[PDB]
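Protein chains in written order, with the deposited numbering: chain c, 1 to 417; chain d, 1 to 417.
Just so you know, even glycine gets a beta-carbon here, dropped at the ideal spot from N, CA and C.
Number of protein chains: 2
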Amino acid sequence: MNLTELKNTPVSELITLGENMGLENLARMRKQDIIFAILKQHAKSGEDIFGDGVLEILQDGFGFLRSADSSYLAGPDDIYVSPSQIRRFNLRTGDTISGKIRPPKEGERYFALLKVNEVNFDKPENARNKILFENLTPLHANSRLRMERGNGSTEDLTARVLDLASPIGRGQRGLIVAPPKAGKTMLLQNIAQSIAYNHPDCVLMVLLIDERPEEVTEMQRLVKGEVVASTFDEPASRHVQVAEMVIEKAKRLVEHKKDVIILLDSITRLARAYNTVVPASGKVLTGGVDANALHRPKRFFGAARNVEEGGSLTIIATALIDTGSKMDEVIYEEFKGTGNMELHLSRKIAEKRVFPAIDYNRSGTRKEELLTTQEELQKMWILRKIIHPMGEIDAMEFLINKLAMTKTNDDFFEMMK
Amino acid sequence: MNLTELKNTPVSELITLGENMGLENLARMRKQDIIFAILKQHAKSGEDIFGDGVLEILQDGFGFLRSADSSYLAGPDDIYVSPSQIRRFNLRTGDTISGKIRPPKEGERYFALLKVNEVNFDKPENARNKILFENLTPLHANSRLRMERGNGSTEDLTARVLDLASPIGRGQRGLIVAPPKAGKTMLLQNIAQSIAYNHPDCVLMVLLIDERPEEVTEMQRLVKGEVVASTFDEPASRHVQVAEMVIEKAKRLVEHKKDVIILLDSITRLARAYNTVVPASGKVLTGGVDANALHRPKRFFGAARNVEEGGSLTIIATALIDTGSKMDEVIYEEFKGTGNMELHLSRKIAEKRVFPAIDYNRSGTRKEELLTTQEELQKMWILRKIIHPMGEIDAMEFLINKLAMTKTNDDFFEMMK
RNA sequence: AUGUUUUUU
Ligand SMILES: Nc1ncnc2c1ncn2[C@@H]1O[C@H](COP(=O)(O)OP(=O)(O)O)[C@@H](O)[C@H]1O
Ligand SMILES: Nc1ncnc2c1ncn2[C@@H]1O[C@H](COP(=O)(O)OP(=O)(O)O)[C@@H](O)[C@H]1O
Ligand code: BEF
Ligand code: BEF
Ligand SMILES: [Mg+2]
Ligand SMILES: [Mg+2]
Numbered sequence: 001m002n003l004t005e006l007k008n009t010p011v012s013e014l015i016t017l018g019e020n021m022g023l024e025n026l027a028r029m030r031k032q033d034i035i036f037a038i039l040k041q042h043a044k045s046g047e048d049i050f051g052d053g054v055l056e057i058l059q060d061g062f063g064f065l066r067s068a069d070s071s072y073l074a075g076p077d078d079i080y081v082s083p084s085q086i087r088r089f090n091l092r093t094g095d096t097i098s099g100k101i102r103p104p105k106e107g108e109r110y111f112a113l114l115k116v117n118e119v120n121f122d123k124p125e126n127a128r129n130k131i132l133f134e135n136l137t138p139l140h141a142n143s144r145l146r147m148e149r150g151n152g153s154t155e156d157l158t159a160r161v162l163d164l165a166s167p168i169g170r171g172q173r174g175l176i177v178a179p180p181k182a183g184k185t186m187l188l189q190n191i192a193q194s195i196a197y198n199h200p201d202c203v204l205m206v207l208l209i210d211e212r213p214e215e216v217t218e219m220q221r222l223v224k225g226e227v228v229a230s231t232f233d234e235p236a237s238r239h240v241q242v243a244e245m246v247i248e249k250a251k252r253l254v255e256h257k258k259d260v261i262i263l264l265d266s267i268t269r270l271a272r273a274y275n276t277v278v279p280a281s282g283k284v285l286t287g288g289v290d291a292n293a294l295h296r297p298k299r300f301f302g303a304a305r306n307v308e309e310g311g312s313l314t315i316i317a318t319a320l321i322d323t324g325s326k327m328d329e330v331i332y333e334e335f336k337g338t339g340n341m342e343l344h345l346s347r348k349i350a351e352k353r354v355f356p357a358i359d360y361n362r363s364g365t366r367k368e369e370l371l372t373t374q375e376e377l378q379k380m381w382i383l384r385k386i387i388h389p390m391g392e393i394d395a396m397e398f399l400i401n402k403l404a405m406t407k408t409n410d411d412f413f414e415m416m417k
Numbered sequence: 001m002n003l004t005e006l007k008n009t010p011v012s013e014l015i016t017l018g019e020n021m022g023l024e025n026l027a028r029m030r031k032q033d034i035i036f037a038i039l040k041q042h043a044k045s046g047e048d049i050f051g052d053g054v055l056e057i058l059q060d061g062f063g064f065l066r067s068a069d070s071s072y073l074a075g076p077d078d079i080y081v082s083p084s085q086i087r088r089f090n091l092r093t094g095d096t097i098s099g100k101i102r103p104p105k106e107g108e109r110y111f112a113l114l115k116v117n118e119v120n121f122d123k124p125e126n127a128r129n130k131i132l133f134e135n136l137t138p139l140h141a142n143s144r145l146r147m148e149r150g151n152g153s154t155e156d157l158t159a160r161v162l163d164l165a166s167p168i169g170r171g172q173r174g175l176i177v178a179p180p181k182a183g184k185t186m187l188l189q190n191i192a193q194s195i196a197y198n199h200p201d202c203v204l205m206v207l208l209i210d211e212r213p214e215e216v217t218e219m220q221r222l223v224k225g226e227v228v229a230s231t232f233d234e235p236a237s238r239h240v241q242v243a244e245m246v247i248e249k250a251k252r253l254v255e256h257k258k259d260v261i262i263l264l265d266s267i268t269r270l271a272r273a274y275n276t277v278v279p280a281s282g283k284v285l286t287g288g289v290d291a292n293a294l295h296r297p298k299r300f301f302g303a304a305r306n307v308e309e310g311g312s313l314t315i316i317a318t319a320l321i322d323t324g325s326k327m328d329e330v331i332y333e334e335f336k337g338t339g340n341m342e343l344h345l346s347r348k349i350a351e352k353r354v355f356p357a358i359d360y361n362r363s364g365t366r367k368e369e370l371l372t373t374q375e376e377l378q379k380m381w382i383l384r385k386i387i388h389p390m391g392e393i394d395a396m397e398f399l400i401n402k403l404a405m406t407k408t409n410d411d412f413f414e415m416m417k
């Protein structure tokens, strides 16, 4: 008796099971209400019920166990967590809790937690003694997260160009700067697919705030990982809540020496949401940005770091420029002094239908010698010195024509000499 | 005895009928008052009266049935809908209701609804069980909505250029960016005529907010569809109300697997209206735009989506640029990074009296391979690569001179090779 | 109202 197991079951089988259990007509009923009635009827027989979810401690002291399939939205099937157990096990926002639950009695509206069985997918004896995320020693990117497929596919050209322009390692904090209508969607899809193919052990999390739902359901059915999104039909409060829950879960996972990867596509939208939810202080800067509005996105971005004791946190955010709004322009570069990695995309190259439209000149990675060998770094330096004199479109055409001849970049580097 | 039937009748016949029924002199009376008196006299004999309209639920709990011929304006002949029936049939704003009505008794001012016969042009048993619009899975444009006439007319050149620049499919969410005095009116007229000619099965709705009455009555007598407009003589409150009613009706139609097409021509004017009706919060951004003013137009724009279960919602809005106001430059923009189709028009080409004055270079459609075949996409790519080096005016002249030689674009593509 | 917008290189 698990909550996620009943959530994955279809509607027809749940209706059939409820009709066999002998309850009210479930055809004219919601799936969540059907599951609730089935759990009630199964607990009336004396059997136990189990559930799971991410903890969201409220300001009063209690909390609930949000579900991932609903993008951490307030649902009727949330498991109530008393503050006594929180104080007894030192629980915090983001801790994954899995234990026995019971249906609400007369006068209650949510399931109660009796005994916790597993904390953060581990024993509670290992979670009671742990080092906080704020005390971990940061470090630079040491492990190399190669994005090249290696299967010789035609779509691998984007990953090869990305590796030649800006290699990505564990704990990297980069930025994907690109004007609208440049190809950010396809680039993010390719990055997510390459991460899921090359490094399936890492925890991939794609955050899409204030996006077109069709794109949400497309990304959810395309990438092999977790997708937490919030369409534009929701207020900025839900955006802030989702961002906080995601970053808290990422911190709790990193605290257990896990490799978390966050592919953010709405850093600008997140900053707009934070500027909308912040109370007015009577002081407005140039472009309509509050003085204390960028602090929360600043911390959300800076949360990414590489841990020496174990694990890492990678955050790749895509910033929006040339959107016609001065607020986004002020945000983007305020954040430019940030992202230890900038991958610029050119609109002029995208208009020529030359995919990918990557600005190789302005791209780059700091401390790239820690992720590449000596000969590889020398070859990349020679390639950059050869590409720099040529124009952007000409350099992109040259790179595409030279990478189409071979499958691996090593052969291209060997033929360049 | 139908309301719309009496509304379509002329004034002279209604006056004659009222004089034959033996009532007060109807020559010095309004047509609506004449219809009201005729309905009263016909109901005094014991016969039944029927009406219809779009439901507009008020904040208190009751509602009225607005009429389409009055642009959903508050009229004396609105049918009152009690909240009891709303609670009994789960009615919402936008549901088309058609049932028996009765004249108001002593102390009443509006017609009452006794029994509902048809809901959303369908049986109530099919409307009681339905999936909300917020739960439908979005998708990209799959079905091709070809705009080419095919009759070899001289006006078909605009549709041919539009198809070669940006093909339109079901569920598309585009933008027509053009400075003033460019030819937006003729272009919108041609688009509406091509939609009514090629795809007469789709529900066409043209929304004109804050425009001149002459243009309104011109569009109403030119296109073959529904025209809901609101001239500048009305406050922004009526603009917001009309936009809400139109989008709610569109959502209710899409919920019944219908293909709705909305040709918006005032996205900038709608954003200005929303910025005017929003209460001041003491925080003004660059250009005079409120922080929470663009949220409602953002949702109105993002409502457009393609449904996998059935139906679609297409919204083609025309944004205004270079109007001398910085608010529109932020308002029209901020919207640039939202849609997935931009059809730019050049003022320099319009000054040369070269119609249509379309910027073929900056135009385009994302995921265009889902609406065109392989050979068609290759021919469009070759045409774009040939047109790109030439200047805007030169490319437009070349395209016009090459399309004037033949009737179909297939012959042009075959002759280009 | 100052900042924002005006405003840019
Ligand atoms: N690698 C690519 N190959 C082919 N087309 C692409 C590629 N990247 C982008 N595009 C085209 O650009 C359009 C928009 O790209 P997108 O990633 O949505 O840009 P952004 O996210 O910056 O708005 C897509 O619909 C696609 O047709
Ligand atoms: N396809 C066309 N053919 C001929 N003249 C046109 C065409 N499109 C626009 N025009 C001219 O431009 C004028 C204004 O066009 P309009 O569509 O009103 O531009 P906008 O809507 O951008 O203000 C029209 O009065 C018309 O004379
Ligand atoms: F319009 Be893109 F997604 F920035
Ligand atoms: F003056 Be146009 F209608 F934009
Ligand atoms: Mg995008
Ligand atoms: Mg116009």
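C-beta contact flag for residue i and residue j at 8 angstroms
| i | j | result |
| --- | --- | --- |
| d/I79 | d/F64 | yes |
| c/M205 | c/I262 | yes |
| d/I57 | d/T96 | no |
| d/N361 | d/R170 | no |
| c/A317 | c/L399 | no |
| d/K130 | d/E211 | no |
| d/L222 | d/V246 | no |
| d/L114 | d/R102 | yes |
| d/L285 | d/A271 | no |
| d/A395 | d/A182 | no |
Residue i: CB within 7 angstroms of a non-hydrogen atom of ligand 4
| i | result |
| --- | --- |
| d/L320 | yes |
Assigned exposure category for residue i - 16 Cβ within 10 Å defines buried
| i | result |
| --- | --- |
| c/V54 | buried |
| c/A27 | exposed |
| c/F335 | buried |
| c/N2 | exposed |
| d/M186 | exposed |
| d/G174 | buried |
| c/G99 | buried |
| d/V260 | buried |
| d/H388 | exposed |
DSSP three-state assignment for residue i, whether helix, strand or coil
| i | result |
| --- | --- |
| d/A317 | strand |
| d/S312 | strand |
| c/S82 | coil |
| c/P138 | strand |
| c/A127 | helix |
| d/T4 | helix |
| d/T268 | helix |
| c/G53 | strand |
| c/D328 | helix |
| c/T217 | helix |
| c/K115 | strand |
| c/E148 | coil |
| c/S346 | coil |
| c/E375 | helix |
| d/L207 | strand |
heavy atom of ligand 1 below 7 angstroms from residue i C-beta
| i | result |
| --- | --- |
| d/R366 | yes |
Any non-hydrogen atom of ligand 3 closer than 7 angstroms to residue i Cβ
| i | result |
| --- | --- |
| c/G324 | no |
| c/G282 | no |
Could you name the residues, in chain order, whose CB is less than 6 angstroms away from a heavy atom belonging to ligand 2?
-> d/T158, d/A178, d/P180, d/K181, d/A182, d/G183, d/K184, d/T185, d/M186, d/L187, d/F355, d/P356
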